[PDB]
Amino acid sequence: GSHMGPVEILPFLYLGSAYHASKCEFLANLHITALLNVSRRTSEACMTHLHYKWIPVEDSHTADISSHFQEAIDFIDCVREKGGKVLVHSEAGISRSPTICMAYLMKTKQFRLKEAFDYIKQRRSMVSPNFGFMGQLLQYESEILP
């Protein structure tokens, strides 16, 4: 519900909306140490003492999001190494932030787009990348898998 917050994807990886990124007490309770914002608007909300990375990407099929997969994945892996927790987020937490997490599951966990998608779908049912992004995920799949 709306009383809920970011969902856990992996121990070090959470997914969520812009609203979730603004609930500081909530992020503190989860021990979130970094924010990877994928929208186009910044919110100083809960930014202090936190590893932050902004990779603005509008939610459109015209938007190229796959070319930023590497930067985003490196960031998440950085947090992983330093043993912290990142909350990857975007405006609604439906298209962008979940597209990135899928890319992550594929690149570091060898999941297939289908497996990456259901896995995230199981924790945040409303998840749904715009047709352009899903398209880029498909090309991305072919590139990193046999």
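Just count from 1 along the sequence shown to find any residue number.
Engineer: Mean CA temperature factor from the deposited coordinates, higher in 38-46 or in 53-61?
Structural biologist: According to the entry, 38-46 carries the higher average C-alpha B-factor.
Engineer: Regarding 7-15 and 20-28, which shows the higher C-alpha temperature factor on average in the entry?
Structural biologist: Taking the mean B-factor of the alpha carbons in each, 20-28 is higher.
Engineer: Would you check the entry's CA temperature factor for residue 119 and let me know if it's in the chain's lowest, middle or highest third?
Structural biologist: CA B-factor rank for residue 119: middle third.
Engineer: Would you check the entry's CA temperature factor for residue 89 and let me know if it's in the chain's lowest, middle or highest third?
Structural biologist: Middle third.
Engineer: Among the modelled residues of its chain, does the C-alpha B-factor of residue 70 lie in the lowest, middle or highest third?
Structural biologist: Middle third, going by the recorded CA B-factors of the chain.
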